[PDB]
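One file, query07.cif, is given below (mmCIF, C-alpha atoms).
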data_start
#
loop_
_atom_site.label_atom_id
_atom_site.label_comp_id
_atom_site.auth_asym_id
_atom_site.auth_seq_id
_atom_site.Cartn_x
_atom_site.Cartn_y
_atom_site.Cartn_z
CA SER A 1 -34.89 25.59 4.29
CA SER A 2 -34.07 22.06 5.42
CA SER A 3 -32.31 21.00 2.20
CA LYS A 4 -30.54 24.36 2.36
CA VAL A 5 -28.77 23.14 5.50
CA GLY A 6 -28.01 19.74 3.98
CA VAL A 7 -26.42 21.38 0.95
CA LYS A 8 -24.27 23.58 3.21
CA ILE A 9 -23.14 20.59 5.29
CA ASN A 10 -22.07 18.88 2.07
CA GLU A 11 -20.11 21.99 1.07
CA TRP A 12 -18.65 21.98 4.57
CA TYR A 13 -17.35 18.43 4.06
CA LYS A 14 -15.96 19.36 0.63
CA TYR A 15 -13.80 22.02 2.27
CA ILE A 16 -12.71 19.71 5.09
CA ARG A 17 -11.36 17.24 2.56
CA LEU A 18 -9.59 20.13 0.80
CA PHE A 19 -7.97 21.21 4.12
CA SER A 20 -9.25 24.77 3.56
CA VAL A 21 -9.70 25.80 7.18
CA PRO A 22 -10.92 29.34 6.35
CA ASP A 23 -13.72 27.96 4.17
CA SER A 24 -14.51 25.24 6.72
CA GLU A 25 -14.93 27.90 9.42
CA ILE A 26 -17.14 29.90 7.04
CA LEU A 27 -19.38 26.92 6.31
CA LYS A 28 -19.55 25.81 9.96
CA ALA A 29 -20.66 29.34 10.85
CA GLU A 30 -23.34 29.41 8.14
CA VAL A 31 -24.60 25.98 9.19
CA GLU A 32 -24.83 26.95 12.86
CA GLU A 33 -26.73 30.11 11.91
CA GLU A 34 -29.07 28.02 9.80
CA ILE A 35 -29.77 25.33 12.39
CA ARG A 36 -31.09 28.04 14.70
CA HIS A 37 -34.11 28.71 12.46
CA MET A 38 -34.77 25.14 11.27
CA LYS A 39 -37.28 22.60 12.66
CA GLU A 40 -35.34 19.85 14.40
CA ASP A 41 -34.78 17.21 11.76
CA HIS A 42 -32.99 14.69 13.98
CA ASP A 43 -31.04 13.29 11.04
CA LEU A 44 -30.00 16.76 9.89
CA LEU A 45 -28.99 17.35 13.51
CA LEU A 46 -26.88 14.17 13.43
CA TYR A 47 -25.39 15.07 10.04
CA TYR A 48 -24.39 18.34 11.72
CA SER A 49 -22.86 16.58 14.73
CA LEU A 50 -20.91 14.21 12.45
CA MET A 51 -19.55 17.11 10.40
CA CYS A 52 -18.55 18.97 13.59
CA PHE A 53 -16.69 15.83 14.61
CA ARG A 54 -15.03 15.47 11.18
CA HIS A 55 -14.17 19.19 11.22
CA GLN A 56 -12.56 18.74 14.63
CA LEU A 57 -10.48 15.80 13.35
CA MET A 58 -9.17 18.10 10.61
CA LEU A 59 -8.30 20.85 13.11
CA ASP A 60 -6.59 18.37 15.46
CA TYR A 61 -4.46 17.10 12.59
CA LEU A 62 -3.37 20.64 11.74
CA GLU A 63 -2.98 21.84 15.37
CA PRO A 64 -2.58 19.56 18.42
CA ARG A 65 -12.27 16.87 28.27
CA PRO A 66 -11.30 17.70 24.66
CA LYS A 67 -13.83 19.14 22.22
CA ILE A 68 -13.63 15.70 20.59
CA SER A 69 -14.85 13.45 23.41
CA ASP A 70 -17.67 15.91 24.07
CA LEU A 71 -18.56 15.85 20.34
CA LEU A 72 -18.29 12.05 20.21
CA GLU A 73 -20.77 11.97 23.11
CA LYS A 74 -23.41 13.79 21.04
CA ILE A 75 -22.90 11.36 18.16
CA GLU A 76 -23.52 8.05 19.94
CA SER A 77 -26.62 9.20 21.85
CA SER A 78 -28.41 9.44 18.46
CA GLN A 79 -27.46 6.16 16.71
CA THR A 80 -31.07 5.14 16.26
CA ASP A 81 -32.76 4.09 12.98
CA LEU A 82 -29.85 4.92 10.69
CA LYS A 83 -30.11 4.54 6.93
CA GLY A 84 -28.57 5.71 3.66
CA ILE A 85 -25.46 7.84 3.34
CA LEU A 86 -25.85 9.18 6.90
CA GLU A 87 -25.28 5.67 8.25
CA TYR A 88 -22.22 5.44 6.01
CA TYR A 89 -20.85 8.73 7.37
CA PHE A 90 -21.62 7.59 10.90
CA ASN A 91 -19.55 4.41 10.64
CA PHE A 92 -16.74 5.90 8.54
CA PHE A 93 -16.24 8.80 10.96
CA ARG A 94 -16.55 6.47 13.97
CA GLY A 95 -13.89 4.19 12.49
CA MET A 96 -11.64 7.20 11.98
CA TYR A 97 -11.97 8.19 15.63
CA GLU A 98 -11.27 4.67 16.83
CA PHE A 99 -8.12 4.54 14.69
CA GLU A 100 -6.70 7.69 16.32
CA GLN A 101 -7.27 6.00 19.71
CA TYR A 102 -5.17 2.95 18.72
CA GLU A 103 -8.41 0.87 18.71
CA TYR A 104 -7.59 -0.98 15.51
CA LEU A 105 -10.18 -3.76 15.74
CA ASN A 106 -12.96 -1.28 16.54
CA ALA A 107 -11.87 0.88 13.60
CA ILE A 108 -11.72 -1.98 11.11
CA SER A 109 -15.15 -3.05 12.36
CA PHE A 110 -16.54 0.42 11.71
CA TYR A 111 -14.75 0.68 8.37
CA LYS A 112 -16.17 -2.67 7.23
CA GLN A 113 -19.70 -1.45 8.03
CA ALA A 114 -19.12 1.73 6.02
CA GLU A 115 -17.68 -0.29 3.13
CA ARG A 116 -20.99 -2.16 2.72
CA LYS A 117 -22.61 1.19 1.82
CA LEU A 118 -19.99 2.26 -0.69
CA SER A 119 -22.43 1.96 -3.61
CA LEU A 120 -24.41 4.88 -2.10
CA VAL A 121 -21.37 7.13 -2.36
CA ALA A 122 -21.61 8.98 -5.65
CA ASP A 123 -18.71 11.35 -4.98
CA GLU A 124 -15.48 9.79 -6.23
CA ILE A 125 -13.45 12.03 -3.90
CA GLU A 126 -15.52 10.67 -1.03
CA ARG A 127 -14.82 7.10 -2.11
CA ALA A 128 -11.12 8.01 -2.27
CA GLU A 129 -11.23 9.24 1.34
CA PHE A 130 -12.65 5.85 2.31
CA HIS A 131 -10.10 3.89 0.30
CA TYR A 132 -7.20 5.88 1.71
CA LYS A 133 -8.35 5.54 5.33
CA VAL A 134 -9.00 1.81 4.81
CA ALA A 135 -5.64 1.33 3.10
CA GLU A 136 -4.00 3.16 6.00
CA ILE A 137 -5.32 0.85 8.69
CA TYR A 138 -4.48 -2.19 6.57
CA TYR A 139 -0.90 -0.97 6.36
CA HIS A 140 -0.75 -0.51 10.12
CA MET A 141 -1.96 -4.13 10.38
CA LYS A 142 0.68 -5.17 7.82
CA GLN A 143 -2.12 -6.33 5.50
CA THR A 144 0.09 -5.28 2.63
CA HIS A 145 -1.91 -6.61 -0.31
CA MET A 146 -5.21 -5.31 1.03
CA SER A 147 -3.55 -1.98 1.73
CA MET A 148 -2.10 -1.78 -1.78
CA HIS A 149 -5.53 -2.71 -3.19
CA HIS A 150 -7.23 0.22 -1.55
CA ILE A 151 -4.46 2.79 -1.85
CA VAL A 152 -4.26 2.54 -5.64
CA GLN A 153 -7.97 3.35 -5.87
CA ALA A 154 -7.64 6.41 -3.67
CA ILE A 155 -4.55 7.98 -5.20
CA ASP A 156 -5.96 7.55 -8.70
CA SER A 157 -9.05 9.57 -7.76
CA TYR A 158 -6.98 12.18 -5.91
CA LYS A 159 -4.52 12.61 -8.78
CA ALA A 160 -7.52 13.02 -11.13
CA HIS A 161 -8.51 16.20 -9.22
CA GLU A 162 -6.26 19.14 -8.35
CA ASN A 163 -6.16 20.55 -4.83
CA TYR A 164 -5.95 17.23 -3.01
CA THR A 165 -2.19 17.50 -2.60
CA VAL A 166 -2.29 16.71 1.11
CA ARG A 167 -4.12 13.43 0.49
CA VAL A 168 -1.83 12.69 -2.44
CA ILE A 169 1.24 13.00 -0.21
CA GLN A 170 -0.37 10.74 2.38
CA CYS A 171 -1.20 8.19 -0.32
CA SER A 172 2.44 8.32 -1.39
CA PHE A 173 3.33 7.55 2.22
CA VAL A 174 1.09 4.49 2.22
CA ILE A 175 2.34 3.10 -1.09
CA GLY A 176 5.97 3.69 -0.17
CA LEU A 177 5.52 2.17 3.26
CA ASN A 178 3.91 -0.89 1.66
CA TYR A 179 6.92 -1.36 -0.61
CA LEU A 180 9.10 -1.15 2.49
CA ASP A 181 7.10 -3.92 4.18
CA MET A 182 7.96 -6.01 1.11
CA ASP A 183 11.71 -5.30 1.59
CA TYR A 184 11.95 -2.88 -1.34
CA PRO A 185 13.48 0.21 0.30
CA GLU A 186 14.85 1.27 -3.10
CA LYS A 187 11.32 1.05 -4.55
CA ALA A 188 9.97 3.05 -1.57
CA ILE A 189 12.40 6.02 -1.61
CA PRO A 190 10.92 7.51 -4.84
CA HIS A 191 7.44 7.84 -3.33
CA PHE A 192 8.81 9.49 -0.17
CA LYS A 193 11.10 11.94 -1.99
CA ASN A 194 8.10 12.78 -4.20
CA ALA A 195 6.02 13.43 -1.09
CA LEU A 196 8.87 15.44 0.45
CA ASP A 197 9.04 17.70 -2.58
CA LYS A 198 5.28 18.36 -2.57
CA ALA A 199 5.17 18.96 1.19
CA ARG A 200 7.83 21.65 0.87
CA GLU A 201 5.80 23.29 -1.91
CA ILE A 202 2.74 23.73 0.33
CA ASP A 203 4.98 24.35 3.40
CA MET A 204 3.30 21.70 5.58
CA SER A 205 5.81 21.17 8.38
CA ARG A 206 4.06 17.99 9.60
CA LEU A 207 4.18 16.36 6.16
CA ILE A 208 7.79 17.41 5.58
CA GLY A 209 8.90 15.83 8.84
CA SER A 210 6.89 12.67 8.24
CA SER A 211 8.62 12.33 4.88
CA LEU A 212 12.02 12.45 6.59
CA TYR A 213 10.81 9.87 9.09
CA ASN A 214 9.63 7.57 6.29
CA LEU A 215 12.90 8.09 4.38
CA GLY A 216 14.94 7.38 7.51
CA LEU A 217 13.01 4.13 7.78
CA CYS A 218 14.50 3.24 4.38
CA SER A 219 18.11 4.01 5.35
CA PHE A 220 17.50 2.05 8.55
CA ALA A 221 16.24 -0.80 6.37
CA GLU A 222 19.35 -0.52 4.18
CA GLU A 223 21.35 -0.53 7.43
CA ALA A 224 22.58 2.99 6.64
CA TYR A 225 22.14 4.11 10.21
CA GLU A 226 24.22 7.25 9.81
CA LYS A 227 21.91 8.53 7.07
CA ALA A 228 18.95 7.12 9.02
CA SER A 229 20.02 8.90 12.21
CA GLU A 230 20.14 12.15 10.22
CA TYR A 231 16.67 11.87 8.64
CA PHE A 232 15.19 11.09 12.05
CA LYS A 233 17.00 14.00 13.70
CA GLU A 234 15.92 16.59 11.15
CA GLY A 235 12.31 15.40 11.09
CA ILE A 236 12.25 15.77 14.86
CA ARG A 237 13.38 19.41 14.66
CA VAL A 238 10.80 19.94 11.88
CA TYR A 239 8.01 18.87 14.23
CA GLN A 240 9.57 20.82 17.11
CA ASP A 241 10.22 24.10 15.29
CA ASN A 242 6.63 24.28 13.98
CA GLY A 243 4.19 23.51 16.80
CA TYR A 244 4.18 19.71 16.51
CA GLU A 245 6.38 19.03 19.55
CA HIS A 246 3.34 17.54 21.33
CA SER A 247 1.94 15.42 18.49
CA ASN A 248 1.81 11.73 19.46
CA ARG A 249 3.43 10.78 16.19
CA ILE A 250 6.76 12.42 17.01
CA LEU A 251 7.13 9.45 19.37
CA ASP A 252 7.55 7.31 16.23
CA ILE A 253 10.56 9.38 15.19
CA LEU A 254 12.02 9.42 18.71
CA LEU A 255 11.54 5.67 19.06
CA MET A 256 13.36 4.87 15.83
CA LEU A 257 16.15 7.34 16.51
CA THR A 258 16.68 5.75 19.92
CA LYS A 259 16.88 2.36 18.20
CA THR A 260 19.28 3.70 15.59
CA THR A 261 21.67 5.42 17.99
CA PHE A 262 21.88 2.21 20.01
CA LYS A 263 22.63 0.24 16.86
CA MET A 264 25.35 2.79 16.01
CA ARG A 265 26.93 1.73 19.36
CA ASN A 266 26.65 5.33 20.55
CA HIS A 267 25.43 4.01 23.89
CA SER A 268 25.43 7.31 25.77
CA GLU A 269 23.73 9.32 23.03
CA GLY A 270 21.28 6.42 22.87
CA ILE A 271 20.48 6.94 26.51
CA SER A 272 19.84 10.73 26.06
CA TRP A 273 17.24 9.81 23.40
CA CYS A 274 15.32 6.92 24.98
CA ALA A 275 15.11 9.43 27.86
CA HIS A 276 13.36 12.34 26.09
CA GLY A 277 11.13 9.70 24.51
CA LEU A 278 10.08 7.92 27.69
CA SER A 279 9.11 11.16 29.42
CA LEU A 280 7.31 12.47 26.34
CA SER A 281 5.16 9.35 26.09
CA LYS A 282 4.38 9.79 29.78
CA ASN A 283 3.52 13.46 29.22
CA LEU A 284 1.27 12.92 26.18
CA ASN A 285 -0.54 10.08 28.01
CA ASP A 286 0.27 7.47 25.31
CA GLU A 287 0.57 4.07 27.00
CA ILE A 288 1.37 2.27 23.76
CA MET A 289 4.31 4.48 22.81
CA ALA A 290 5.64 4.49 26.39
CA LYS A 291 5.74 0.70 26.38
CA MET A 292 7.72 0.67 23.13
CA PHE A 293 10.38 2.89 24.69
CA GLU A 294 10.40 0.51 27.66
CA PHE A 295 11.14 -2.39 25.31
CA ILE A 296 14.13 -0.55 23.87
CA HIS A 297 15.35 0.30 27.38
CA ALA A 298 14.88 -3.19 28.79
CA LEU A 299 16.63 -4.57 25.69
CA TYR A 300 19.77 -2.49 25.08
CA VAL A 301 20.17 -1.31 28.68
CA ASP A 302 18.74 -3.97 30.97
CA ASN A 303 18.40 -7.32 29.15
CA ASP A 304 15.15 -7.78 31.10
CA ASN A 305 13.83 -10.33 28.62
CA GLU A 306 10.92 -10.93 30.98
CA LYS A 307 9.72 -7.35 30.55
CA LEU A 308 10.48 -7.66 26.82
CA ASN A 309 8.18 -10.68 26.75
CA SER A 310 5.52 -8.83 28.74
CA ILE A 311 5.60 -5.92 26.27
CA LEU A 312 5.41 -8.29 23.27
CA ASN A 313 2.33 -9.91 24.76
CA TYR A 314 0.84 -6.46 25.40
CA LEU A 315 1.35 -5.31 21.83
CA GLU A 316 -0.20 -8.52 20.52
CA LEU A 317 -3.21 -7.97 22.78
CA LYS A 318 -3.25 -4.48 21.19
CA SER A 319 -3.43 -5.97 17.66
CA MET A 320 -0.07 -4.43 16.74
CA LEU A 321 1.67 -7.49 15.40
CA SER A 322 3.89 -5.40 13.12
CA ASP A 323 5.44 -3.77 16.18
CA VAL A 324 5.69 -7.16 17.90
CA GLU A 325 7.66 -8.44 14.90
CA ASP A 326 9.89 -5.38 14.67
CA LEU A 327 10.74 -5.39 18.41
CA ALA A 328 11.22 -9.16 18.67
CA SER A 329 13.46 -8.77 15.63
CA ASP A 330 15.50 -6.10 17.42
CA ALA A 331 15.89 -8.43 20.39
CA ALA A 332 16.75 -11.52 18.35
CA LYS A 333 19.42 -9.64 16.39
CA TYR A 334 21.01 -7.84 19.36
CA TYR A 335 21.37 -11.09 21.32
CA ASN A 336 22.79 -12.70 18.22
CA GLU A 337 25.59 -10.12 18.22
CA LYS A 338 26.12 -10.73 21.92
CA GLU A 339 26.37 -14.48 21.11
CA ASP A 340 23.59 -15.31 23.57
CA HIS A 341 22.42 -17.52 20.68
CA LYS A 342 20.17 -19.55 23.02
CA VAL A 343 17.80 -16.73 23.91
CA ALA A 344 18.55 -15.15 20.52
CA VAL A 345 16.64 -18.16 19.21
CA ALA A 346 13.68 -17.40 21.49
CA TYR A 347 13.07 -14.03 19.85
CA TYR A 348 13.65 -15.33 16.35
CA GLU A 349 10.75 -17.70 17.03
CA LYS A 350 8.58 -14.85 18.28
CA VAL A 351 9.31 -13.12 14.97
CA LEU A 352 8.13 -16.25 13.19
CA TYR A 353 4.98 -16.29 15.33
CA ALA A 354 4.13 -12.65 14.62
CA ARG A 355 4.75 -13.10 10.89
CA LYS A 356 2.40 -16.11 10.91
CA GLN A 357 -0.31 -14.28 12.85
CA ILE A 358 -0.13 -11.41 10.36
CA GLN A 359 -0.87 -13.84 7.51
CA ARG A 360 -4.08 -15.34 8.95
CA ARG B 1 7.79 1.20 14.03
CA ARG B 2 5.08 1.76 11.44
CA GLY B 3 5.77 4.57 9.01
CA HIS B 4 3.75 7.77 9.13
CA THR B 5 0.64 7.39 6.96
CA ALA B 6 -0.98 10.77 7.69
#

Is it possible to express this structure as structure tokens?
Amino acid sequence: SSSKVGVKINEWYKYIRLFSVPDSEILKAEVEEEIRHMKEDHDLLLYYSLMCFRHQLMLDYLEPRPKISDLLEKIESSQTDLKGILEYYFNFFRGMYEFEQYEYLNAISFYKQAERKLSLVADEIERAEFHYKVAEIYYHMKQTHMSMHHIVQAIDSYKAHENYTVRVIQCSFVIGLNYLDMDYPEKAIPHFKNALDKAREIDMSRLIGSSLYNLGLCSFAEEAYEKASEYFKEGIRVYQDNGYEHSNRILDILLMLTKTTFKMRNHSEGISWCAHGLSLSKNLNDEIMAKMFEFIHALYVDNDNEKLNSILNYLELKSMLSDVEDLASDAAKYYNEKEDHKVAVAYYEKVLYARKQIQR
Amino acid sequence: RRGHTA
């Protein structure tokens, strides 16, 4: 009855990828009943601990000493003599975790280890998971061509099956966001409106609001800040009216709305938005998002270029060059309007430096 | 800011 547990853990992972929580809870229960009467295969035990971890990552996406850091504890104490697909799962899942912690280098390191084992992965849907997650981190690193390379592979496999809508939406996010990085907002809007339509079909509040956020990033790119300010606002109430008011990623939408309202020269409204966003980053214990709201504040409110510089260095040390570029670009532009062309030059150069670093 | 990819 040892393969009987392995088969059930596979089924468990099938349902996790399908975002069927009721089935995932059914399989997790059956597995835990089965482990009671099995004979301590340490690999089977680790397969179980990895699936628990992956199951928890699903649950934390759908609803935000957490169960996760306790589960991650169990995983690293048994990283001894790994081989085959279990080693692949180990590194893939570990890279996922590290990505959610803003540990981009760690995550890419883990993902590269998993990638070496890709030929062991018979399941096409499993390979698609890998390609999507890899594409995602490449996008966050502004590795646009690498991201596009992986994301096409994933979304082709997902679209070849049926109930992978959630992943298909997310792949549409990645592709669209890549086209944006290439200054094609008009090429990116189709993919986001497509995602928006599918997310309303399955009534996923999170995905709906992230579509608005991604669409607002287009208007913002087209300097249509009115329309951009709308998209951001509605996506924020989406997250808030549906139990996502404490998801870290709402800070993204707050941050860009704060930027947009300041660019609309609605100074006072812009203050009542950087505010909610500064305190929320404090509350959710996200140092990286807090320091991006500081940058906005020090820029449009304070002109404390010194702090601006200190934040830019921080974000570079954090391997978030894309945010370095975007923020230095906000600074450079704003000072250009204020005709402080001298220091406006300083930030234009920083933009050049970040763009160069991204290319290496 | 990066778009939402998840």

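Across the model, the gap from CA of residue 169 (chain A) to CA of residue 195 (chain A) is 4.9 Å.
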
_Within 8 Å of file point (-1.6, 9.0, 7.8), counting only C-alpha atoms, expressed as a ChimeraX atom specification_ = /A:133,136,170,173-174 /B:4-6

So that I can see what lies close to residue 2 (chain B), please list as a PDB file with C-alpha atoms, in the frame of the given file the residues with an atom at most 8 Å from it, counting all atoms listed in the file and leaving out residues fewer than 5 positions away in the same chain.
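The result, written out as around_37.pdb:
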ATOM      1  CA  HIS A 140      -0.750  -0.510  10.120  1.00  0.00           C
ATOM      2  CA  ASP A 252       7.550   7.310  16.230  1.00  0.00           C
ATOM      3  CA  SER A 322       3.890  -5.400  13.120  1.00  0.00           C
ATOM      4  CA  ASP A 323       5.440  -3.770  16.180  1.00  0.00           C
TER       5      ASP A 323
END

*Atomic separation - CA of residue 350 (chain A) relative to CA of residue 325 (chain A), Å*: 7.3 Å

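Rounded to one decimal, CA of residue 196 (chain A) and CA of residue 246 (chain A) lie 21.7 Å from each other.
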
*Carefully work through the PyMOL selection byres ((chain A and resi 333-346) around 12) for this structure and note down the residues it includes, as a VMD selection string.*
chain A and resid 259 262 to 265 296 299 to 301 303 to 306 308 to 309 325 to 332 347 to 353

*For residue 143 (chain A), which of A:210, A:163, A:178, A:2 is the closest residue, counting all atoms listed in the file?*
A:178

Mind completing chain B with N, CA and C atoms? Output as an mmCIF file, in the frame of the given file, please?
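This went into rebuild_20.cif:
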data_model
loop_
_atom_site.group_PDB
_atom_site.id
_atom_site.type_symbol
_atom_site.label_atom_id
_atom_site.label_comp_id
_atom_site.auth_asym_id
_atom_site.auth_seq_id
_atom_site.Cartn_x
_atom_site.Cartn_y
_atom_site.Cartn_z
ATOM 1 N N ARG B 1 8.996 0.383 13.886
ATOM 2 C CA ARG B 1 7.790 1.200 14.030
ATOM 3 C C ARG B 1 7.102 1.409 12.685
ATOM 4 N N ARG B 2 5.773 1.463 12.680
ATOM 5 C CA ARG B 2 5.080 1.760 11.440
ATOM 6 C C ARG B 2 5.523 3.122 10.913
ATOM 7 N N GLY B 3 5.547 3.259 9.595
ATOM 8 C CA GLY B 3 5.770 4.570 9.010
ATOM 9 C C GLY B 3 4.630 5.508 9.340
ATOM 10 N N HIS B 4 4.831 6.790 9.024
ATOM 11 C CA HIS B 4 3.750 7.770 9.130
ATOM 12 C C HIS B 4 2.889 7.707 7.870
ATOM 13 N N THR B 5 1.586 7.511 8.058
ATOM 14 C CA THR B 5 0.640 7.390 6.960
ATOM 15 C C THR B 5 -0.307 8.574 6.890
ATOM 16 N N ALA B 6 -0.064 9.613 7.682
ATOM 17 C CA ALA B 6 -0.980 10.770 7.690
ATOM 18 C C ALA B 6 -0.172 12.072 7.680
#
